[PDB]
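In what follows, chains are A, B, ... by sequence order, proteins preceding strands, each numbered from 1. Reckoned from all heavy atoms, side chains included, excluding hydrogens, waters and symmetry mates.
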Amino acid sequence: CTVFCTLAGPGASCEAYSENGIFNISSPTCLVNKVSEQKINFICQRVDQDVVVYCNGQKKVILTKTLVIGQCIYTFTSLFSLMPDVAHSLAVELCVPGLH
Amino acid sequence: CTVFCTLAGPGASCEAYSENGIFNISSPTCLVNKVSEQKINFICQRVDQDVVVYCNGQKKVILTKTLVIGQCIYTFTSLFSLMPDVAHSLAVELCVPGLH
Amino acid sequence: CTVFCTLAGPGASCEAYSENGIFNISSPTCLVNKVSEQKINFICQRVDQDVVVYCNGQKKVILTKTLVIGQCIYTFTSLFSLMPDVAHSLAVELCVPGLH
Amino acid sequence: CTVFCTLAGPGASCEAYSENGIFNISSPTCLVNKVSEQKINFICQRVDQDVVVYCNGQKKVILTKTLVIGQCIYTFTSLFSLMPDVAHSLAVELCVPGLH
Amino acid sequence: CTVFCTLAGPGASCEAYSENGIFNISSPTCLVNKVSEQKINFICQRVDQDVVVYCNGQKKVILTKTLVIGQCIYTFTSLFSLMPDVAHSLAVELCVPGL
Amino acid sequence: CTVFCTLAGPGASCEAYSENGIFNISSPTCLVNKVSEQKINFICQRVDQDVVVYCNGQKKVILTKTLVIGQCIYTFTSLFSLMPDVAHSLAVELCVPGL
Amino acid sequence: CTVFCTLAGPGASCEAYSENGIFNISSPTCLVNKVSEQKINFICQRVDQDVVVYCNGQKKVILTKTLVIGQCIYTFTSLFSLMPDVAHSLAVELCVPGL
Amino acid sequence: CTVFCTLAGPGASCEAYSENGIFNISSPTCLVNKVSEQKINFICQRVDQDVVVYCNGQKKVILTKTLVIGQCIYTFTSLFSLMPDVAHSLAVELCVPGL
RNA sequence: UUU
RNA sequence: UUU
RNA sequence: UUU
RNA sequence: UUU
RNA sequence: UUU
RNA sequence: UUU
RNA sequence: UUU
RNA sequence: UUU
RNA sequence: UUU
RNA sequence: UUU
RNA sequence: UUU
RNA sequence: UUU
RNA sequence: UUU
RNA sequence: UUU
RNA sequence: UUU
RNA sequence: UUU
Ligand SMILES: *[C@@H]1O[C@H](CO[C@@H]2O[C@@H](C)[C@@H](O)[C@@H](O)[C@@H]2O)[C@@H](O[C@@H]2O[C@H](CO)[C@@H](O[C@@H]3O[C@H](CO)[C@@H](O)[C@H](O)[C@@H]3O)[C@H](O)[C@H]2NC(C)=O)[C@H](O)[C@H]1NC(C)=O
Ligand SMILES: *[C@@H]1O[C@H](CO[C@@H]2O[C@@H](C)[C@@H](O)[C@@H](O)[C@@H]2O)[C@@H](O[C@@H]2O[C@H](CO)[C@@H](O[C@@H]3O[C@H](CO)[C@@H](O)[C@H](O)[C@@H]3O)[C@H](O)[C@H]2NC(C)=O)[C@H](O)[C@H]1NC(C)=O
Ligand SMILES: *[C@@H]1O[C@H](CO[C@@H]2O[C@@H](C)[C@@H](O)[C@@H](O)[C@@H]2O)[C@@H](O[C@@H]2O[C@H](CO)[C@@H](O[C@@H]3O[C@H](CO)[C@@H](O)[C@H](O)[C@@H]3O)[C@H](O)[C@H]2NC(C)=O)[C@H](O)[C@H]1NC(C)=O
Ligand SMILES: *[C@@H]1O[C@H](CO[C@@H]2O[C@@H](C)[C@@H](O)[C@@H](O)[C@@H]2O)[C@@H](O[C@@H]2O[C@H](CO)[C@@H](O[C@@H]3O[C@H](CO)[C@@H](O)[C@H](O)[C@@H]3O)[C@H](O)[C@H]2NC(C)=O)[C@H](O)[C@H]1NC(C)=O
């Protein structure tokens, strides 16, 4: 099971994806509860706590810091949007604290 | 029944969520009308008036001021996006008029 | 039939809404074609031409200028987002060329 | 088959559209796999590599540079949003490296 | 004389120029008063009222509307600064109403 | 005297004015010290503490809060600069708390 | 001489420098005219035409394109200002075309 | 002496201060050269190299990293300018690394 | 099947 | 900080 | 049923 | 300007 | 039907 | 750079 | 079943 | 301020 | 686009 | 010393 | 936070 | 004239 | 909105 | 020389 | 990156 | 007083 979230207002807009379908999913903080679909869209009203989603017998933790890094990539790509060949690559270079 | 909205153009992008399904829902200002689904996505063309949604025998009022506070959190999180560990927390501190 | 669009990249993100269901819908510029659903989501790859959507025997024209006014309201509401009681109202006052 | 994507956080928010239905679709980088629907929404967690989607016996390549050009059009349309008659047209003129 | 101002905080930073020299200069709202030099720099604390300068017997009125047009040209030149050959020119066409 | 400052980097750029002349001026945090001229420009390296200037025996205190209000008026005038007739006026109403 | 300008509203704020002194200086579009001092500050009301300064017999032309590159470096240094060690350096590589 | 600079286009605008007076001042990269006055204003065309000033026998080095921190404080004070009582203070904590 |  |  |  |  |  |  |  |  |  |  |  |  |  |  |  |  794969979870990808983007920032939406005060919380997050998310989806859970498993190529072989999602058979069960729950969250202590996000509005999703299923006890078969391949993809489920859901939101989290707050990200003060990190996003926690149980899905297909697998606990998934998407840190709020990770969500801010993604929005940083989105923000600086739009900033460098007049340079469309290097905008995203330079945004990843500035926003990802890992490696260089 | 739970209603969460984010700003979209001149109005709002919303969804109504009830873990035990939504059996009836209406709105004097938003495009939604059902007389069973667990989650319903809908928009409101204008937020000049506060979002009012009746859902499962329960009147829900999401103030436009509340929606602006959420967009404020989104805006300043993207502003502080180069500091991914404190960006959201500092945005909540600036945008939420409650408490400190 | 009601059509509401917001700007998405180079084009627009739209939905068509009729409380009594949508029985037919088409567009010369947007990716939608049905010949019964109450709500249909669709996008338009370009808004160089104004959005034209035929829906339930009714031609609907959402001008690109109208879409920019909505994004203006969204932009300045986020600008005034530290003043959540007047942010949207002041954004409507600046972005809507009609009346005052 | 038609693919349209917008930037969403670190990756992209996409949909695949074929007026005569989508019978098969896959992607080496995006979360989508079907082996009949007219429209399929899906995301790509990263756009470091260009978006590649096979759909209805047709390989589709949406370059990341192309996605940045679209976000540029979105960014400068919001910038010129106080001039709703020329905002989008002037944004296309600045952000599209082709022709003039 | 010749008066040129730019916005500075709540008011404006100005300069009075005259090749033959500034013999006398005063203002009802700006901090300048002389009763000869070619160049006199001064500030105006507020621009709620237009910048009015009496210099060498001529009434100079730099409208705040005009100052905002200049600040508009500066703002959009910085926004278009990745396109240096067209940044200033495109900013003039977007900011000057009479073009 | 009359003191007017605008924000400059971490501190502020200031000017002291007096039509009759500045006889003496000092400051505990700004680079100015004289013990007559009508106009004296000086800078303050930091504004963590309010700009305090002792000029002609008068204690001048320009609060940093006041300087930020002026920078607010400048910032929103540039944001509203496509509307030159109302840019400065609308920026004053959004930035000045006592209005 | 040496001429350095930055954008100021619709035009530019400039400075002419020469260690041996500025003996004469003029301009067809900027407010400066002298016919010796080491340093002369002056403004140009418009930069629709490039800043042309005739100083000590040398023709100085500071292209508006060059001024926008400098304003680009200033703008992106402020945008990258949370990364102070690389802000100016990264802004130079994004703004200077010949790098 | 005391040197304070702010970013100006591609380089910086600076001021050298000394209550007892500036007897001599030079720089390898900035336009200033004297060999007494209390205050000397000068500009540096580039800040790719740190602002180095030799004033009264003391070596002054204002790192470009330090100048960007000051520009950071200015930028976020304008962003927080609707909150004038906490704008400067909050900008200091976000921009100064050693806090 | 703790609502 | 969607009540 | 002009692809 | 999603090919 | 290489997991 | 959604683990 | 006020359209 | 999606007509 | 300082008149 | 073209006002 | 100009050392 | 505390370097 | 420099008091 | 209205403090 | 003021030539 | 290297133009
Ligand atoms: C929620 O869903 C998970 C995942 O469901 C499993 O994976 C899907 C992709 C489908 O293939 C489902 O059919 C499949 O059950 C459930 O967790 C899984 O539970 C089963 C219980 O039978 C586990 O199987 C066991 O596996 C162990 C070794 O791992 C063997 O020794 C056993 O003999 C038995 O085969 C399976 O491993 C486990 N998977 C994971 C990832 O934990 C979960 O039970 C379910 N919960 C509820 C309440 O329905
Ligand atoms: C719209 O939907 C609401 C909510 O529906 C109720 O809650 C859902 C989660 C499901 O469990 C539904 O099956 C359930 O009806 C309706 O409001 C509800 O109406 C019922 C009428 O039978 C109310 O039950 C009564 O409750 C009182 C005490 O509250 C008892 O004394 C009665 O004997 C009877 O049991 C129920 O309380 C009420 N719930 C709420 C939150 O108001 C509503 O009727 C419905 N409207 C239409 C037009 O369908
Ligand atoms: C596409 O859909 C429209 C709209 O469909 C109509 O409205 C929906 C809300 C549902 O109630 C549908 O059942 C309904 O047909 C179609 O346009 C409609 O076509 C009908 C044809 O029978 C028109 O009815 C006529 O109306 C005139 C007066 O208006 C009478 O004199 C006739 O006797 C007859 O009743 C109806 O007015 C018309 N509606 C509109 C808004 O134009 C359309 O035909 C359809 N197209 C296709 C290809 O299916
Ligand atoms: C994935 O889907 C594609 C596309 O599917 C085709 O187009 C859709 C719009 C529907 O009409 C489908 O019914 C249709 O199959 C498949 O590619 C297609 O495969 C067929 C195989 O029969 C090809 O037909 C052949 O075409 C050649 C000439 O092109 C003739 O000489 C043959 O006699 C035969 O008719 C068809 O051309 C091809 N289309 C494309 C665009 O490649 C694909 O097979 C499928 N894959 C899987 C694994 O299902």
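Using a 4.5 Å heavy-atom cutoff, the side chains of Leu67(G) and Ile62(G) are in contact. Side-chain contact between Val51(G) and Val61(G) is absent, with no heavy-atom pair separated by less than 4.5 Å.
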Under 3.5 Å, which protein N or O atoms sit close to an N or O of nucleotides 1-3 of chain R? Give each pair with its distance.
none

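Counting non-hydrogen atoms under 4.0 angstrom, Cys95(G) reaches nothing in the nucleic acid. Contacts of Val47(E) with the nucleic acid, taken as non-hydrogen atoms under 4.0 Å apart, are absent. Contacts of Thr6(B) with the nucleic acid, taken as non-hydrogen atoms under 4.0 Å apart, are absent. Across all strands, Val61(A) comes closer than 4.0 Å to base atoms (heavy-atom distances).
A donor-acceptor contact shorter than 3.5 Å links the side chain of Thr64(G) to the backbone of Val47(G). Side-chain N or O atoms of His88(E) include none that pairs as donor or acceptor with a backbone N or O of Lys65(G) at under 3.5 Å.
Considering only residues two or more places apart in sequence or on other chains, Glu93(C) meets the side-chain hydrogen bond (donor to acceptor under 3.5 Å, both in side chains) condition with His100(C). For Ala91(F), the side chain to side chain contact (heavy atoms under 4.5 Å, CB included) partners two or more places apart in sequence, or in a different chain, are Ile73(F), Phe76(F), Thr77(F).
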